[PDB]
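Let me begin by presenting the structure, written as structure tokens, before commenting on it.
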Amino acid sequence: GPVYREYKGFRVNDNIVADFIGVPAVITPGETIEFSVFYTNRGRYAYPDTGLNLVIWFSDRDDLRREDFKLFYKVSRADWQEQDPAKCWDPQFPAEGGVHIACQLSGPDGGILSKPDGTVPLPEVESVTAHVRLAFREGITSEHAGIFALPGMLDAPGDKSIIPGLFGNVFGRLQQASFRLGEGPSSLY
Amino acid sequence: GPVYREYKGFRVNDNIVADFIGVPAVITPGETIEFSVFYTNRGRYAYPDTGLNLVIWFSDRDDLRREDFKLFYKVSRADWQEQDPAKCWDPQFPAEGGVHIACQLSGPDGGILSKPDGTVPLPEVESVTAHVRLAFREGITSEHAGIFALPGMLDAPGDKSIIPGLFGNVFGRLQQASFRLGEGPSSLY
Amino acid sequence: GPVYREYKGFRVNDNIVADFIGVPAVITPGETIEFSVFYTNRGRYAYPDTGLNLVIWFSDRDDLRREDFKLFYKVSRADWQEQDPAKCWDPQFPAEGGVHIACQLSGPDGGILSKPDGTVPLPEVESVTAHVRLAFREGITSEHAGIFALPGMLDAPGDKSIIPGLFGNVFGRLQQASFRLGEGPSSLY
Ligand SMILES: C/C=C(\C)C(=O)C[C@H]1C[C@H](O)[C@@H](C)CCCC/C=C(\C)[C@H]2C=C[C@H]3C[C@@H](C)C[C@@H](C)[C@H]3[C@@H]2C(=O)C2=C(O)CN1C2=O
Ligand SMILES: [Cl-]
Ligand SMILES: [Cl-]
Ligand SMILES: [Cl-]
Ligand SMILES: [Cl-]
Ligand SMILES: [Cl-]
Ligand SMILES: [Cl-]
Ligand SMILES: [Cl-]
């Protein structure tokens with residue numbers, strides 16, 4: 009099996025990366041956007057079970073909670089579902105301010121990689137995609153915010169997830185999308 | 009020489025990577041989008057000739073053919089051209105479902121890296137871009153699809169392409185862009 | 009210290025990478041766009057001072073100057089500012105043709121990573137983002153162009169930037185976004 013690196017108290021395999029497609033740099037409050045995000049096994053070790061976690065982060069206010077946004081997703085060709093508030097970590101508060109809400113977006117991928125027992129194994133070069141629909145409620149803004157993709161994997165089958173609400177005991181390479189929640193640019197000319 | 013990995017029977021140099029810009033996460037049937045894709049030599053071995061391949065994949069149906077979409081491209085500062093249906097691979101039907109249509113988008117880049125003999129050598133840190141205009145015919149949809157970038161290179165000068173229709177005898181790191189072909193998100197609010 | 013590669017006479021740590029979000033593949037002359045770009049320490053060596061450099065490149069004309077566009081940005085949670093032309097490199101003219109304008113987008117990041125003395129250290133896994141507003145004046149176009157992200161860092165505390173107008177004495181991994189400046193695609197159908 010692969011060897012992990014230490015970030016905080018967690019193990020991280022950089023061979024499991026993630027990519028965003030279609031995240032806008034400015035999101036209008038109240039408006040619904042759809043984007044896709046996918047994690048890909050760039051290593052050679054096939055993980056027996058995998059799922060995506062998504063973290064919503066505002067750097068310049070700490071009142072954001074899970075309830076302030078709507079979140080739906082679909083794992084590859086499986087059906088759409090509403091992201092489960094109980095499958096989230098509790099709000100986390102960096103010492104410099106802000107807040108982030110970690111949301112689990114795991115599940116079978118429609119029988120592409122997923123297996124009849126419910127596991128989503130990740131062989132080399134393979135990938136799992138989440139199509140995501142996201143909307144923040146009106147009246148909430150942020151001037152420096154991000155979505156973060158955090159691949160969760162189970163090192164070995166019988167291992168169990170380490171953070172309550174999120175999938176996995178080891179994690180992949182964090183990928184970022186920075187955005188603003190508010191109004192788009194005035195014309196510079 | 010450079011190091012290859014064996015996937016299927018093919019040699020793959022991961023140092024030749026690809027990036028997408030401007031791929032939407034939802035594509036409207038009948039509508040034309042333009043995006044860009046470029047492959048970059050992140051390694052140190054200079055390849056004597058290179059060209060881009062693009063793969064369109066539907067995970068949830070196997071009736072897609074080259075004819076069901078229109079595809080134009082332009083290599084860096086060269087002129088626009090229509091992609092050649094004869095420079096495509098035949099339909100492929102993965103066991104994990106669907107069909108994919110592999111398309112060659114090769115050619116001189118307008119004299120940036122390209123040479124008078126038509127070759128596009130790829131030195132370290134250098135990159136080649138295809139600007140791509142894509143439209144699917146009205147009336148065809150997909151709920152989980154991808155565009156894939158597959159950089160093709162000729163290991164040795166005068167080597168011959170190994171997959172009929174596609175450029176290259178060895179290949180780079182596959183890059184994915186997941187999307188849906190259909191209607192956009194309804195308002196969550 | 010970390011390990012560098014030599015590109016021209018400059019030292020490059022490929023471990024400091026950059027990502028774009030929201031760069032359109034086609035930019036309309038005169039119009040203002042907002043995108044975000046961020047650089048991340050994918051290595052283990054914490055850099056004592058870092059700042060983003062942004063290169064605007066036209067491959068097919070050499071008359072582009074800094075005066076031909078308007079450029080505003082904000083480092084993470086800090087406020088917007090107009091990019092300083094005196095904090096740009098002189099126009100550079102590749103031997104194959106074209107021109108590129110290297111612009112410094114440095115500054116405190118709003119107290120996230122930045123320190124009271126003004127430096128923006130970059131620990132492992134941490135990141136700095138620029139939100140960018142860009143507009144080209146009407147009447148200049150380009151059919152093959154790019155934005156390039158070049159993380160600039162200070163190897164040792166108190167080091168001096170090496171290229172005039174740009175931040176850093178060593179640099180990170182160049183990241184590209186290819187686009188056209190002109191009219192969007194006509195309908196292919
Ligand atoms: C991911 C895309 C990649 C990896 C590239 O493709 C970059 C390559 C090729 C470019 O596309 C240029 C045709 C066009 C140049 C595009 C970007 C140009 C620079 C960032 C330019 C300014 C800052 C300096 C960075 C240090 C580290 C090297 C020096 C010389 C200089 C650099 C430059 O002068 C470049 C070059 O002379 C050639 N180069 C440069 O970055
Ligand atoms: Cl990643
Ligand atoms: Cl790649
Ligand atoms: Cl690339
Ligand atoms: Cl990737
Ligand atoms: Cl990079
Ligand atoms: Cl010139
Ligand atoms: Cl054009």
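Chains as they are written, first to last, in the deposited numbering: chain B, 9 to 197; chain A, 9 to 197; chain C, 9 to 197. Idealized CB from N, CA, C, for every residue including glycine.
Chain-ordered neighbours of residue 38/A on chain C, where CB pairs are closer than 9 Å: Per Cβ cutoff of 9 Å: 195, 197.
Which class does residue 125/B belong to by DSSP, given the choice of helix, strand or coil? coil
Rounded straight-line distance, which links the Cα of residue 138/A to that of residue 192/A: Each residue's Cα considered, the two are about 26 Å apart.
If contact is defined by three or more beta carbon pairs under 8 Å, each pair taking one atom from either stretch, is the region 178-196 of chain A in contact with the region 151-165 of chain C? no
Between residue 105/C and ligand 7, is the CB less than 7 Å from at least one heavy atom? At a threshold of 7 Å, residue 105/C counts as near ligand 7, since its beta carbon sits closer than that to one of the ligand's heavy atoms.
Would residue 19/A pass as a contact of residue 178/A if the rule is Cβ separation under 8 Å? For residue 19/A and residue 178/A, yes; Cβs fall inside 8 Å.
Measure the Cβ-Cβ separation of residue 131/A and residue 49/A and say whether it is below 8 Å. yes
With a threshold of 16 other CB atoms inside 10 Å of the CB of residue 194/C, please say whether the residue is buried or exposed. By the 10 Å Cβ count, residue 194/C comes out exposed.
Report the neighbours of residue 145/C on chain B: residues whose CB is nearer than 8 Å to its CB, in chain order. 197
Own chain residues within Cβ distance below 6 Å of residue 82/C, not counting five before or after: Around residue 82/C: 88, 139.
Is the Cβ of residue 15/C closer than 8 Å to any Cβ of chain A? yes
On a Cα-Cα basis, can you pick out the residue from 98/C, 123/C, 85/C that is closest to residue 72/C? With distances taken between CA atoms, residue 72/C lies nearest to 98/C out of 98/C, 123/C, 85/C.
Residues of chain B with a CB under 9 Å from the CB of residue 26/A: which are they? Residues of chain B passing the Cβ test: none, with the nearest at roughly 11 Å.
Run down chain B in chain order and give the residues with a C-beta less than 8 Å from the C-beta of residue 30/C. 31, 32, 33, 34, 187
Compute the minimum distance between the beta carbon of residue 45/A and the heavy atoms of ligand 1, and state whether it is under 7 Å. Flag unset: Cβ of residue 45/A not near ligand 1.
Establish whether the CB of residue 151/A and some CB of chain C are separated by less than 8 Å. Residue 151/A does not count as touching chain C.
Close Cβ partners of residue 12/C (< 8 Å) along its chain, the five nearest in sequence each way excluded: 19, 20, 21, 178
According to the neighbour-count rule (16 or more other Cβ atoms, all chains shown, within 10 Å of its Cβ), is residue 123/A buried or exposed? exposed
Is residue 101/C near ligand 7, with its Cβ less than 7 Å from a heavy atom? yes
Checking contacts by CB at 8 Å: is residue 123/A closer than that to chain C? no
With DSSP run on the structure shown, which of helix, strand or coil describes residue 27/B? strand
Comparing the CB of residue 188/C with every heavy atom of ligand 8, is any distance shorter than 7 Å? Yes - ligand 8 has a heavy atom lying nearer than 7 Å to the Cβ of residue 188/C.
Thinking C-beta only, is residue 34/A closer than 8 Å to residue 187/A? yes
For residue 137/B and chain A, any beta-carbon pair shorter than 8 Å? yes
Tell me whether residue 70/C counts as near ligand 7, meaning its Cβ is closer than 7 Å to at least one heavy atom of that ligand. yes
To which residues of the same chain is residue 65/B closer than 7 Å at the C-beta, ignoring the five residues directly before and after it? 106, 108, 153, 154, 156
Looking only at DSSP bridge pairs, what is residue 61/B linked to? 112/B, 158/B
On the DSSP bridge list, what partners appear for residue 35/A? 189/A
Please determine if the region 108-120 of chain B and the region 169-177 of chain B are in contact, where contact requires at least 3 C-beta pairs separated by less than 8 Å. Between the region 108-120 of chain B and the region 169-177 of chain B, the count of Cβ pairs shorter than 8 Å is three or higher; the stretches touch.
At a CB distance below 7 Å, what residues from the region 62-79 of chain A approach chain B? Give them in sequence order. 67, 68
Going along chain B, which residues have a C-beta under 8 Å from residue 182/A? 133
Could you check whether residue 47/A and residue 133/A sit closer than 8 Å to each other, using their CB atoms as the reference points? No, Cβ-Cβ distance for residue 133/A and residue 47/A is not below 8 Å.
Can you tell me whether DSSP reads residue 94/C as helix, strand or coil? helix
In this structure, how does DSSP classify residue 151/A when only helix, strand and coil are distinguished? strand
Can the beta-carbon of residue 159/C be found closer than 8 Å to that of residue 79/C? no
Need the endpoints of the beta strand (DSSP E) that residue 138/C sits in, please. Unbroken beta strand (DSSP E) run through residue 138/C: 135-144.
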